[PDB]
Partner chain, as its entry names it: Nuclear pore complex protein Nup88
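Before any questions on how it binds or moves, here is one chain, the form deposited without the partner chain, in structure tokens.
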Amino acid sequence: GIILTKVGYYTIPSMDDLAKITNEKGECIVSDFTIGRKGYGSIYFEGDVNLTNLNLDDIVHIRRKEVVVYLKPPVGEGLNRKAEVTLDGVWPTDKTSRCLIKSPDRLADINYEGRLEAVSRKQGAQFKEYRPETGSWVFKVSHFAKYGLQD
């Protein structure tokens, strides 16, 4: 009953292991849950999460520099709860060459992470870090709420 078919999306524990994890009551509760889209980002939920009957395809939307959860249950229920979001491949564009900037030195010089932390503050999220190597912008949220960078 747990649906995730969009190409590139995956979960931890893997979707292939969910059947085994499900209990005699038909409940699939995992301790710590991650759902992500390779190369785009991931959302980590610490603690027990009840994935039973969740249509992850319709609920989770991870795209370049943005995430949307529930296009919605009360805060604390379902996936609308505290979580750590990671958006990958978040790099700025060189105004002249119009090519991406992956150089850690340059990213530091333009204080790119500063721009990202400012956006997180505006969106009510708690900025955690920016990993230049993979353009990974990590921030904690208390609910969803849409997050991301609108260049």
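Only residues modelled in both forms are compared. Numbering follows the first chain given and starts at 1. The term rigid core refers to the most C-alpha atoms you can superpose between the two forms while keeping them within 1.5 Å.
Separately, the form deposited with the partner chain bound exists; it is not shown, and the next lines address it.
Engineer: Though only this chain appears here, would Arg106 touch the partner chain in the deposited complex if you measure heavy atom gaps against 4.5 Å?
Structural biologist: Yes.
Engineer: So, in the deposited complex, is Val69 in contact with the partner chain at a 4.5 angstroms heavy atom limit?
Structural biologist: Contact with the partner chain, yes.
Engineer: Does the 4.5 Å heavy atom contact test between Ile29 and the partner chain in the deposited complex come out positive?
Structural biologist: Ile29: no contact with the partner chain in the deposited complex.
Engineer: Can you tell me if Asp94 lies within 4.5 angstroms of the partner chain in the deposited complex, counting non-hydrogen atoms only?
Structural biologist: Flag for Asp94 set to yes.
Engineer: Can you list the runs of 3 or more residues whose CA atoms move by 2 Å or more between the shown form and the other one, with the rigid core superposed?
Structural biologist: In sequence order there is one run that relocates between the shown form and the other one, which is 94 to 99.
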